[PDB]
Amino acid sequence: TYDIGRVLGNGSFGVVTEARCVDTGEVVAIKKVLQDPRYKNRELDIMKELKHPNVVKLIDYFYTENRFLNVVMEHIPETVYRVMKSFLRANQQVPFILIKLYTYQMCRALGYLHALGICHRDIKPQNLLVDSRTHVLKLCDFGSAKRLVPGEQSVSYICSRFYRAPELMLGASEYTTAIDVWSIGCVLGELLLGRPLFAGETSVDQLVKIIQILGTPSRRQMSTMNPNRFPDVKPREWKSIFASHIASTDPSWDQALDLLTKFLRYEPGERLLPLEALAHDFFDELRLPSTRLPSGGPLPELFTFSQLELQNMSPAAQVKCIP
Ligand SMILES: O=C1NC(=O)C(c2cnc3ccccn23)=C1c1cn2c3c(cc(F)cc13)CN(C(=O)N1CCCCC1)CC2
Ligand SMILES: [Mg+2]
Ligand SMILES: [Mg+2]
Ligand SMILES: [Mg+2]
């Protein structure tokens, strides 16, 4: 059924190879992982549930040989990571339309996941597939994802370090899908800046870099992150962090930095929820009928909200997001 070739090379468990479905001629990605004798594979189980324009499609799966599970998923040629490095090498800002398009599609995917009670727990530019020609974006790498409900205890040391919520580094074991929302803010920040917003050398240093920009959380704020004292540090205004990028650039910066602030709240419950975030005016340009990609092509799918998405959006956000 498959012609398997070329390992694509993930930085997590399993091997992912490019392959061709000989039934369809379509290039696919196949993730091979060790399958447990007794337990279901949680990644596959989650993949079987997800049907969303901004989540990699589950195409097939089969068992090989313990044994191996092979998860056949749709193939997308690039990642937000790779797009960003281009612009970094060209010493160029990512165009605001692309930042808007990627942030919107990442919020939709994660909104859907959270509607199913699923926490992705590894949101990062490497895990966000993109096809440059259409600027579609799809979430992938569900190897760390978990069906999470509040009151559940889980591993603390869980995201990739730059995108890791502050409650996780403060040893919270009962966290929420809000940790994915902090990662969204970090990706937005990285799109605006060109380089990771908070780039710690260790997980503790990650927290310190966060505190150095946002400032010291109050003791009240500390208990929203872990109910179980930091030095006082002058925080930095966002207009200070992004000053070089602002100089070299609509009220897009006011809108982006408002959105940035609401994703990156210390208090996990105060972070702006992904589907509500879609109604932010930062995305108004995506809802204009005349808007096209910088190359002139049409926008990708943006307004095809599923029943489950709409049932998790305030009525105010529903009327705003459907044009
Ligand atoms: O097409 C796909 N369908 C999937 O499900 C899927 C997939 C499954 N697991 C992961 C983990 C991370 C990223 C993507 N995936 C891919 C998939 C698509 N590329 C992949 C690359 C490596 C890889 F290992 C898997 C894939 C290379 N690449 C990329 O930009 N990189 C590689 C990782 C660090 C730098 C960013 C361009 C396309
Ligand atoms: Mg099981
Ligand atoms: Mg099969
Ligand atoms: Mg939501």
# chains A, B, ... in the order shown; residues from 1 in each chain; ligands from 1
$ select_by_dssp --residues "range 125-237 of chain A" --states "alpha helix (DSSP H)" --output "MDAnalysis selection string"
chainID A and resid 166:169 178:193 203:214 219:225
$ write_last_selection --atoms "N, CA and C atoms" --output "mmCIF file, in the first residue's frame"
data_model
loop_
_atom_site.group_PDB
_atom_site.id
_atom_site.type_symbol
_atom_site.label_atom_id
_atom_site.label_comp_id
_atom_site.auth_asym_id
_atom_site.auth_seq_id
_atom_site.Cartn_x
_atom_site.Cartn_y
_atom_site.Cartn_z
ATOM 1 N N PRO A 166 4.506 29.205 32.335
ATOM 2 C CA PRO A 166 5.255 29.439 33.581
ATOM 3 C C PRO A 166 4.804 28.552 34.729
ATOM 4 N N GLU A 167 3.520 28.174 34.797
ATOM 5 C CA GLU A 167 3.095 27.263 35.859
ATOM 6 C C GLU A 167 3.812 25.919 35.773
ATOM 7 N N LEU A 168 4.215 25.498 34.574
ATOM 8 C CA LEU A 168 4.865 24.200 34.434
ATOM 9 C C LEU A 168 6.258 24.219 35.048
ATOM 10 N N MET A 169 6.992 25.311 34.846
ATOM 11 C CA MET A 169 8.312 25.445 35.434
ATOM 12 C C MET A 169 8.253 25.743 36.922
ATOM 13 N N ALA A 178 -4.938 25.893 29.168
ATOM 14 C CA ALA A 178 -4.318 27.216 29.158
ATOM 15 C C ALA A 178 -2.808 27.175 28.912
ATOM 16 N N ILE A 179 -2.138 26.057 29.210
ATOM 17 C CA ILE A 179 -0.711 25.961 28.881
ATOM 18 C C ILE A 179 -0.490 26.019 27.369
ATOM 19 N N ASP A 180 -1.445 25.507 26.570
ATOM 20 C CA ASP A 180 -1.347 25.637 25.111
ATOM 21 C C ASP A 180 -1.527 27.076 24.683
ATOM 22 N N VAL A 181 -2.292 27.845 25.464
ATOM 23 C CA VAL A 181 -2.546 29.244 25.135
ATOM 24 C C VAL A 181 -1.294 30.077 25.365
ATOM 25 N N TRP A 182 -0.531 29.772 26.419
ATOM 26 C CA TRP A 182 0.757 30.445 26.588
ATOM 27 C C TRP A 182 1.679 30.159 25.403
ATOM 28 N N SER A 183 1.705 28.909 24.925
ATOM 29 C CA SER A 183 2.516 28.588 23.752
ATOM 30 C C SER A 183 2.072 29.380 22.529
ATOM 31 N N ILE A 184 0.758 29.589 22.367
ATOM 32 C CA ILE A 184 0.278 30.415 21.252
ATOM 33 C C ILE A 184 0.876 31.811 21.331
ATOM 34 N N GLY A 185 0.854 32.402 22.525
ATOM 35 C CA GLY A 185 1.433 33.722 22.677
ATOM 36 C C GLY A 185 2.895 33.733 22.300
ATOM 37 N N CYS A 186 3.630 32.703 22.726
ATOM 38 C CA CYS A 186 5.054 32.615 22.424
ATOM 39 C C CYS A 186 5.301 32.531 20.926
ATOM 40 N N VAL A 187 4.459 31.790 20.198
ATOM 41 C CA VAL A 187 4.625 31.706 18.750
ATOM 42 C C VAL A 187 4.294 33.044 18.098
ATOM 43 N N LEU A 188 3.190 33.662 18.515
ATOM 44 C CA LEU A 188 2.896 35.011 18.046
ATOM 45 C C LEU A 188 4.082 35.939 18.298
ATOM 46 N N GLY A 189 4.570 35.994 19.544
ATOM 47 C CA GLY A 189 5.742 36.812 19.836
ATOM 48 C C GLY A 189 6.915 36.518 18.922
ATOM 49 N N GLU A 190 7.139 35.234 18.615
ATOM 50 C CA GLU A 190 8.269 34.847 17.781
ATOM 51 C C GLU A 190 8.056 35.277 16.333
ATOM 52 N N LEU A 191 6.820 35.200 15.840
ATOM 53 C CA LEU A 191 6.507 35.736 14.520
ATOM 54 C C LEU A 191 6.735 37.245 14.451
ATOM 55 N N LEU A 192 6.406 37.969 15.523
ATOM 56 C CA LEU A 192 6.558 39.425 15.510
ATOM 57 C C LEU A 192 8.027 39.835 15.631
ATOM 58 N N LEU A 193 8.806 39.075 16.390
ATOM 59 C CA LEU A 193 10.192 39.391 16.713
ATOM 60 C C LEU A 193 11.191 38.749 15.755
ATOM 61 N N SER A 203 15.354 25.392 32.046
ATOM 62 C CA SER A 203 13.952 25.649 32.343
ATOM 63 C C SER A 203 13.808 26.729 33.411
ATOM 64 N N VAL A 204 14.680 26.722 34.423
ATOM 65 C CA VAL A 204 14.674 27.797 35.417
ATOM 66 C C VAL A 204 15.011 29.137 34.761
ATOM 67 N N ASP A 205 16.059 29.160 33.936
ATOM 68 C CA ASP A 205 16.384 30.357 33.168
ATOM 69 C C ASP A 205 15.238 30.783 32.251
ATOM 70 N N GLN A 206 14.428 29.831 31.784
ATOM 71 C CA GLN A 206 13.259 30.201 30.995
ATOM 72 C C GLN A 206 12.312 31.063 31.820
ATOM 73 N N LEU A 207 12.027 30.643 33.051
ATOM 74 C CA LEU A 207 11.175 31.442 33.926
ATOM 75 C C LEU A 207 11.768 32.829 34.152
ATOM 76 N N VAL A 208 13.083 32.897 34.327
ATOM 77 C CA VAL A 208 13.711 34.168 34.639
ATOM 78 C C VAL A 208 13.587 35.122 33.461
ATOM 79 N N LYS A 209 13.772 34.609 32.241
ATOM 80 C CA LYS A 209 13.599 35.434 31.047
ATOM 81 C C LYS A 209 12.168 35.940 30.944
ATOM 82 N N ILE A 210 11.197 35.101 31.298
ATOM 83 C CA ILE A 210 9.808 35.542 31.312
ATOM 84 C C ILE A 210 9.617 36.677 32.313
ATOM 85 N N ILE A 211 10.081 36.468 33.551
ATOM 86 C CA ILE A 211 9.922 37.471 34.599
ATOM 87 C C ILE A 211 10.610 38.772 34.204
ATOM 88 N N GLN A 212 11.769 38.675 33.551
ATOM 89 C CA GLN A 212 12.499 39.886 33.195
ATOM 90 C C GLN A 212 11.742 40.780 32.218
ATOM 91 N N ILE A 213 10.819 40.239 31.432
ATOM 92 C CA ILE A 213 10.043 41.046 30.492
ATOM 93 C C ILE A 213 8.677 41.409 31.057
ATOM 94 N N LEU A 214 7.967 40.427 31.622
ATOM 95 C CA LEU A 214 6.613 40.663 32.117
ATOM 96 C C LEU A 214 6.605 41.232 33.527
ATOM 97 N N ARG A 219 1.992 37.516 44.562
ATOM 98 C CA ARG A 219 1.742 36.268 45.275
ATOM 99 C C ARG A 219 0.375 35.696 44.912
ATOM 100 N N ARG A 220 -0.624 36.558 44.726
ATOM 101 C CA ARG A 220 -1.901 36.126 44.170
ATOM 102 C C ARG A 220 -1.713 35.448 42.812
ATOM 103 N N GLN A 221 -0.932 36.067 41.924
ATOM 104 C CA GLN A 221 -0.693 35.451 40.624
ATOM 105 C C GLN A 221 0.053 34.127 40.763
ATOM 106 N N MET A 222 0.974 34.025 41.728
ATOM 107 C CA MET A 222 1.696 32.773 41.962
ATOM 108 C C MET A 222 0.751 31.627 42.299
ATOM 109 N N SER A 223 -0.329 31.915 43.019
ATOM 110 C CA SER A 223 -1.186 30.837 43.471
ATOM 111 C C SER A 223 -2.160 30.401 42.392
ATOM 112 N N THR A 224 -2.413 31.240 41.380
ATOM 113 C CA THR A 224 -3.178 30.755 40.232
ATOM 114 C C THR A 224 -2.364 29.766 39.409
ATOM 115 N N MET A 225 -1.036 29.872 39.441
ATOM 116 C CA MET A 225 -0.180 28.963 38.686
ATOM 117 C C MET A 225 0.137 27.693 39.472
#
$ residues_near_ligand --ligand "ligand 2" --cutoff "8 Å" --atoms "only C-alpha atoms and all ligand atoms" --output "PyMOL selection string"
chain A and resi 38-42
$ closest_atom_pairs --of "chain A" --to "ligand 4" --cutoff "9 Å" --atoms "only C-alpha atoms and all ligand atoms" --output "JSON lines"
{"residue": "A:107", "atom": "CA", "partner": "ligand 4", "partner_atom_place_in_ligand_line": "1 (Mg)", "distance": 7.9}
{"residue": "A:108", "atom": "CA", "partner": "ligand 4", "partner_atom_place_in_ligand_line": "1 (Mg)", "distance": 8.1}
{"residue": "A:110", "atom": "CA", "partner": "ligand 4", "partner_atom_place_in_ligand_line": "1 (Mg)", "distance": 7.2}
{"residue": "A:111", "atom": "CA", "partner": "ligand 4", "partner_atom_place_in_ligand_line": "1 (Mg)", "distance": 4.1}
{"residue": "A:112", "atom": "CA", "partner": "ligand 4", "partner_atom_place_in_ligand_line": "1 (Mg)", "distance": 7.1}
{"residue": "A:113", "atom": "CA", "partner": "ligand 4", "partner_atom_place_in_ligand_line": "1 (Mg)", "distance": 8.4}
{"residue": "A:114", "atom": "CA", "partner": "ligand 4", "partner_atom_place_in_ligand_line": "1 (Mg)", "distance": 6.1}
{"residue": "A:115", "atom": "CA", "partner": "ligand 4", "partner_atom_place_in_ligand_line": "1 (Mg)", "distance": 6.7}
{"residue": "A:181", "atom": "CA", "partner": "ligand 4", "partner_atom_place_in_ligand_line": "1 (Mg)", "distance": 9.0}
{"residue": "A:272", "atom": "CA", "partner": "ligand 4", "partner_atom_place_in_ligand_line": "1 (Mg)", "distance": 8.2}
{"residue": "A:273", "atom": "CA", "partner": "ligand 4", "partner_atom_place_in_ligand_line": "1 (Mg)", "distance": 4.4}
{"residue": "A:274", "atom": "CA", "partner": "ligand 4", "partner_atom_place_in_ligand_line": "1 (Mg)", "distance": 4.4}
{"residue": "A:275", "atom": "CA", "partner": "ligand 4", "partner_atom_place_in_ligand_line": "1 (Mg)", "distance": 4.3}
{"residue": "A:276", "atom": "CA", "partner": "ligand 4", "partner_atom_place_in_ligand_line": "1 (Mg)", "distance": 6.2}
{"residue": "A:277", "atom": "CA", "partner": "ligand 4", "partner_atom_place_in_ligand_line": "1 (Mg)", "distance": 8.0}
{"residue": "A:309", "atom": "CA", "partner": "ligand 4", "partner_atom_place_in_ligand_line": "1 (Mg)", "distance": 8.1}
{"residue": "A:312", "atom": "CA", "partner": "ligand 4", "partner_atom_place_in_ligand_line": "1 (Mg)", "distance": 6.4}
{"residue": "A:313", "atom": "CA", "partner": "ligand 4", "partner_atom_place_in_ligand_line": "1 (Mg)", "distance": 7.0}
$ residues_near_ligand --ligand "ligand 1" --cutoff "9 Å" --atoms "only C-alpha atoms and all ligand atoms" --output "ChimeraX atom specification"
/A:7-12,14-18,27-31,56-58,71-83,125-131,138-143
$ write_last_selection --atoms "N, CA and C atoms" --output "CSV table (one decimal), in the first residue's frame"
chain,number,residue,atom,x,y,z
A,7,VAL,N,13.6,9.3,5.7
A,7,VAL,CA,13.2,9.8,7.0
A,7,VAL,C,13.2,11.3,7.0
A,8,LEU,N,12.1,11.9,7.5
A,8,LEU,CA,12.0,13.3,7.6
A,8,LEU,C,12.7,13.9,8.8
A,9,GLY,N,12.8,13.1,9.9
A,9,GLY,CA,13.6,13.5,11.0
A,9,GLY,C,12.9,14.4,12.1
A,10,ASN,N,12.2,13.8,13.0
A,10,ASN,CA,11.6,14.5,14.1
A,10,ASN,C,12.5,14.6,15.3
A,11,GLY,N,12.2,15.5,16.1
A,11,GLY,CA,13.0,15.6,17.4
A,11,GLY,C,12.2,15.0,18.5
A,12,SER,N,11.5,14.0,18.3
A,12,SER,CA,10.7,13.3,19.3
A,12,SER,C,10.6,11.8,18.9
A,14,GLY,N,9.4,8.0,17.8
A,14,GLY,CA,9.0,7.6,16.5
A,14,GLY,C,9.8,8.1,15.3
A,15,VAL,N,9.8,7.4,14.2
A,15,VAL,CA,10.4,7.9,13.0
A,15,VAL,C,9.4,8.3,12.0
A,16,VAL,N,9.5,9.5,11.4
A,16,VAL,CA,8.6,9.9,10.4
A,16,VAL,C,9.2,9.9,9.0
A,17,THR,N,8.6,9.2,8.1
A,17,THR,CA,9.1,9.1,6.7
A,17,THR,C,8.1,9.6,5.8
A,18,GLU,N,8.6,10.2,4.7
A,18,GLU,CA,7.8,10.5,3.5
A,18,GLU,C,7.5,9.2,2.8
A,27,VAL,N,1.6,11.6,-1.9
A,27,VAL,CA,2.7,11.6,-0.9
A,27,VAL,C,2.1,11.8,0.5
A,28,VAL,N,2.5,11.0,1.4
A,28,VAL,CA,2.0,11.1,2.8
A,28,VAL,C,3.2,11.1,3.7
A,29,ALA,N,2.9,11.4,5.0
A,29,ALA,CA,3.9,11.2,6.0
A,29,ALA,C,3.5,10.0,6.9
A,30,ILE,N,4.4,9.1,7.2
A,30,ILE,CA,4.1,7.9,8.0
A,30,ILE,C,5.0,8.0,9.3
A,31,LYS,N,4.3,8.0,10.4
A,31,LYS,CA,5.0,8.0,11.7
A,31,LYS,C,4.9,6.6,12.3
A,56,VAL,N,-3.6,18.0,10.9
A,56,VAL,CA,-3.2,17.0,9.9
A,56,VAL,C,-4.2,15.9,9.8
A,57,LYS,N,-4.6,15.6,8.6
A,57,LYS,CA,-5.6,14.5,8.4
A,57,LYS,C,-5.0,13.2,8.7
A,58,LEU,N,-5.7,12.4,9.5
A,58,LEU,CA,-5.4,10.9,9.6
A,58,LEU,C,-5.9,10.2,8.4
A,71,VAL,N,1.4,5.4,11.6
A,71,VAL,CA,0.3,6.3,11.6
A,71,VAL,C,0.5,7.1,10.3
A,72,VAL,N,-0.4,7.0,9.3
A,72,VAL,CA,-0.4,7.6,8.0
A,72,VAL,C,-1.1,8.9,8.1
A,73,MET,N,-0.4,10.0,7.9
A,73,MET,CA,-1.0,11.3,8.0
A,73,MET,C,-0.7,12.1,6.7
A,74,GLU,N,-1.5,13.1,6.5
A,74,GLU,CA,-1.4,14.0,5.3
A,74,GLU,C,0.0,14.7,5.4
A,75,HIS,N,0.6,15.0,4.2
A,75,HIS,CA,1.9,15.5,4.1
A,75,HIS,C,1.8,17.0,3.7
A,76,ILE,N,2.5,17.8,4.5
A,76,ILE,CA,2.6,19.3,4.3
A,76,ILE,C,4.1,19.6,4.2
A,77,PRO,N,4.5,20.4,3.2
A,77,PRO,CA,5.9,20.5,2.9
A,77,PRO,C,6.8,21.3,3.9
A,78,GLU,N,6.2,22.3,4.6
A,78,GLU,CA,7.0,23.2,5.4
A,78,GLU,C,6.4,23.3,6.8
A,79,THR,N,7.1,24.1,7.7
A,79,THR,CA,6.6,24.5,9.0
A,79,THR,C,6.8,26.0,9.1
A,80,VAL,N,6.0,26.5,10.1
A,80,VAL,CA,6.2,27.9,10.5
A,80,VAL,C,7.7,28.1,10.9
A,81,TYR,N,8.3,27.1,11.5
A,81,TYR,CA,9.7,27.2,11.8
A,81,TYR,C,10.5,27.6,10.6
A,82,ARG,N,10.4,26.8,9.5
A,82,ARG,CA,11.2,27.0,8.3
A,82,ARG,C,10.9,28.3,7.7
A,83,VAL,N,9.6,28.7,7.6
A,83,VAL,CA,9.3,30.1,7.1
A,83,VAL,C,10.0,31.1,7.8
A,125,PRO,N,6.9,26.3,16.7
A,125,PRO,CA,7.0,26.6,15.2
A,125,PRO,C,7.3,25.3,14.4
A,126,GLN,N,8.1,24.4,15.0
A,126,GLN,CA,8.4,23.1,14.4
A,126,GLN,C,7.2,22.2,14.2
A,127,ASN,N,6.2,22.4,15.0
A,127,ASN,CA,5.0,21.5,15.0
A,127,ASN,C,3.9,22.0,14.2
A,128,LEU,N,4.1,23.2,13.6
A,128,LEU,CA,3.0,23.9,12.9
A,128,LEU,C,3.3,23.8,11.4
A,129,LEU,N,2.7,22.8,10.7
A,129,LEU,CA,2.9,22.6,9.3
A,129,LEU,C,2.4,23.8,8.5
A,130,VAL,N,3.0,24.1,7.4
A,130,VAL,CA,2.6,25.2,6.5
A,130,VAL,C,2.9,24.8,5.0
A,131,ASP,N,2.0,25.1,4.1
A,131,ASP,CA,2.3,25.0,2.7
A,131,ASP,C,2.4,26.5,2.2
A,138,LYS,N,-1.4,23.7,9.5
A,138,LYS,CA,-2.1,22.6,10.2
A,138,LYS,C,-1.2,22.1,11.4
A,139,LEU,N,-1.8,21.9,12.5
A,139,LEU,CA,-1.1,21.4,13.7
A,139,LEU,C,-0.8,19.9,13.5
A,140,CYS,N,0.3,19.5,14.1
A,140,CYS,CA,0.7,18.1,14.0
A,140,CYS,C,1.5,17.7,15.2
A,141,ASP,N,2.1,16.5,15.2
A,141,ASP,CA,2.9,16.0,16.3
A,141,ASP,C,2.1,15.9,17.6
A,142,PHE,N,1.2,14.9,17.6
A,142,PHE,CA,0.3,14.7,18.8
A,142,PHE,C,0.9,13.7,19.7
A,143,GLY,N,2.3,13.5,19.7
A,143,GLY,CA,2.9,12.6,20.6
A,143,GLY,C,2.9,13.0,22.0
$ residues_near_ligand --ligand "ligand 3" --cutoff "12 Å" --atoms "only C-alpha atoms and all ligand atoms" --output "ChimeraX atom specification"
/A:1-2,21,58-64,69-73
$ write_last_selection --atoms "N, CA and C atoms" --output "short mmCIF file (atom, residue, chain, number, x, y, z; two decimals), in the first residue's frame"
data_model
loop_
_atom_site.label_atom_id
_atom_site.label_comp_id
_atom_site.auth_asym_id
_atom_site.auth_seq_id
_atom_site.Cartn_x
_atom_site.Cartn_y
_atom_site.Cartn_z
N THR A 1 0.81 -1.21 0.00
CA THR A 1 0.00 0.00 0.00
C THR A 1 0.85 1.27 0.00
N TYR A 2 2.05 1.20 0.56
CA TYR A 2 2.89 2.39 0.64
C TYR A 2 4.27 2.11 0.08
N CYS A 21 1.26 6.67 -0.99
CA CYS A 21 0.14 5.75 -1.08
C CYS A 21 -0.01 5.30 -2.54
N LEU A 58 -5.71 12.35 9.48
CA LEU A 58 -5.38 10.95 9.63
C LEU A 58 -5.89 10.22 8.39
N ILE A 59 -4.98 9.61 7.65
CA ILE A 59 -5.32 8.94 6.42
C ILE A 59 -5.50 7.44 6.64
N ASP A 60 -4.68 6.85 7.49
CA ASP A 60 -4.61 5.40 7.58
C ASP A 60 -3.71 5.07 8.76
N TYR A 61 -3.71 3.80 9.14
CA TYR A 61 -2.75 3.29 10.10
C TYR A 61 -2.74 1.79 9.94
N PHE A 62 -1.60 1.18 10.24
CA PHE A 62 -1.44 -0.26 10.09
C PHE A 62 -0.33 -0.69 11.03
N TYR A 63 -0.30 -1.99 11.34
CA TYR A 63 0.66 -2.54 12.28
C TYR A 63 1.67 -3.42 11.55
N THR A 64 2.92 -3.33 11.99
CA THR A 64 4.04 -3.97 11.34
C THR A 64 4.79 -4.84 12.35
N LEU A 69 3.36 0.45 15.37
CA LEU A 69 2.22 1.17 14.82
C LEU A 69 2.75 2.18 13.81
N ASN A 70 2.08 2.26 12.66
CA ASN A 70 2.39 3.19 11.59
C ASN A 70 1.19 4.09 11.39
N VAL A 71 1.38 5.38 11.61
CA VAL A 71 0.30 6.35 11.56
C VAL A 71 0.50 7.12 10.27
N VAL A 72 -0.44 6.96 9.35
CA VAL A 72 -0.35 7.60 8.04
C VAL A 72 -1.13 8.90 8.10
N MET A 73 -0.43 10.00 7.86
CA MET A 73 -0.97 11.34 7.98
C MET A 73 -0.69 12.11 6.70
#
$ closest_residue --among "A:306, A:226, A:154, A:252" --to "residue 266 in chain A" --atoms "only C-alpha atoms"
A:226
$ closest_residue --among "A:293, A:50, A:165, A:264" --to "residue 98 in chain A" --atoms "only C-alpha atoms"
A:293
$ select_by_dssp --residues "range 22-98 of chain A" --states "strand (DSSP E or B)" --output "VMD selection string"
chain A and resid 27 to 35 55 58 to 64 67 to 74 78 to 79
$ write_last_selection --atoms "C-alpha atoms" --output "CSV table (one decimal), in the first residue's frame"
chain,number,residue,atom,x,y,z
A,27,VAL,CA,2.7,11.6,-0.9
A,28,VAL,CA,2.0,11.1,2.8
A,29,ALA,CA,3.9,11.2,6.0
A,30,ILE,CA,4.1,7.9,8.0
A,31,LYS,CA,5.0,8.0,11.7
A,32,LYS,CA,6.2,4.7,13.1
A,33,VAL,CA,6.3,4.2,16.8
A,34,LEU,CA,6.7,1.2,19.2
A,35,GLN,CA,3.2,-0.1,20.0
A,55,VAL,CA,-5.2,19.5,11.9
A,58,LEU,CA,-5.4,10.9,9.6
A,59,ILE,CA,-5.3,8.9,6.4
A,60,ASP,CA,-4.6,5.4,7.6
A,61,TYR,CA,-2.7,3.3,10.1
A,62,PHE,CA,-1.4,-0.3,10.1
A,63,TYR,CA,0.7,-2.5,12.3
A,64,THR,CA,4.0,-4.0,11.3
A,67,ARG,CA,5.1,-4.6,17.2
A,68,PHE,CA,5.1,-1.2,15.3
A,69,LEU,CA,2.2,1.2,14.8
A,70,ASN,CA,2.4,3.2,11.6
A,71,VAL,CA,0.3,6.3,11.6
A,72,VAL,CA,-0.4,7.6,8.0
A,73,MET,CA,-1.0,11.3,8.0
A,74,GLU,CA,-1.4,14.0,5.3
A,78,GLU,CA,7.0,23.2,5.4
A,79,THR,CA,6.6,24.5,9.0
$ decode --residues "range 77-91 of chain A" --atoms "N, CA and C atoms" --output "mmCIF file, in the first residue's frame"
data_model
loop_
_atom_site.group_PDB
_atom_site.id
_atom_site.type_symbol
_atom_site.label_atom_id
_atom_site.label_comp_id
_atom_site.auth_asym_id
_atom_site.auth_seq_id
_atom_site.Cartn_x
_atom_site.Cartn_y
_atom_site.Cartn_z
ATOM 1 N N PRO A 77 4.489 20.417 3.190
ATOM 2 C CA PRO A 77 5.930 20.501 2.893
ATOM 3 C C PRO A 77 6.763 21.318 3.868
ATOM 4 N N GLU A 78 6.199 22.280 4.603
ATOM 5 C CA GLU A 78 7.030 23.155 5.439
ATOM 6 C C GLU A 78 6.444 23.295 6.837
ATOM 7 N N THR A 79 7.106 24.121 7.654
ATOM 8 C CA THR A 79 6.623 24.477 8.976
ATOM 9 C C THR A 79 6.762 25.978 9.147
ATOM 10 N N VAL A 80 6.014 26.516 10.110
ATOM 11 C CA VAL A 80 6.215 27.897 10.536
ATOM 12 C C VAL A 80 7.667 28.128 10.925
ATOM 13 N N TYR A 81 8.299 27.128 11.535
ATOM 14 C CA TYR A 81 9.724 27.220 11.829
ATOM 15 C C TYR A 81 10.514 27.580 10.575
ATOM 16 N N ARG A 82 10.387 26.763 9.516
ATOM 17 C CA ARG A 82 11.172 26.992 8.301
ATOM 18 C C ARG A 82 10.861 28.341 7.663
ATOM 19 N N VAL A 83 9.591 28.744 7.639
ATOM 20 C CA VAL A 83 9.274 30.055 7.077
ATOM 21 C C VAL A 83 10.013 31.146 7.842
ATOM 22 N N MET A 84 9.982 31.069 9.180
ATOM 23 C CA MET A 84 10.613 32.074 10.029
ATOM 24 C C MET A 84 12.117 32.171 9.785
ATOM 25 N N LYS A 85 12.800 31.024 9.671
ATOM 26 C CA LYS A 85 14.251 31.052 9.474
ATOM 27 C C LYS A 85 14.629 31.734 8.157
ATOM 28 N N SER A 86 13.855 31.498 7.091
ATOM 29 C CA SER A 86 14.004 32.260 5.853
ATOM 30 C C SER A 86 14.074 33.753 6.121
ATOM 31 N N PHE A 87 13.011 34.281 6.730
ATOM 32 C CA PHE A 87 12.934 35.708 7.008
ATOM 33 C C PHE A 87 14.053 36.160 7.925
ATOM 34 N N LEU A 88 14.487 35.290 8.829
ATOM 35 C CA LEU A 88 15.613 35.629 9.684
ATOM 36 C C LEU A 88 16.894 35.750 8.866
ATOM 37 N N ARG A 89 17.130 34.796 7.956
ATOM 38 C CA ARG A 89 18.317 34.859 7.111
ATOM 39 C C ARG A 89 18.260 36.049 6.164
ATOM 40 N N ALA A 90 17.095 36.315 5.566
ATOM 41 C CA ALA A 90 16.946 37.512 4.741
ATOM 42 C C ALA A 90 16.910 38.800 5.559
ATOM 43 N N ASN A 91 16.954 38.717 6.889
ATOM 44 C CA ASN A 91 16.904 39.878 7.776
ATOM 45 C C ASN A 91 15.696 40.749 7.439
#
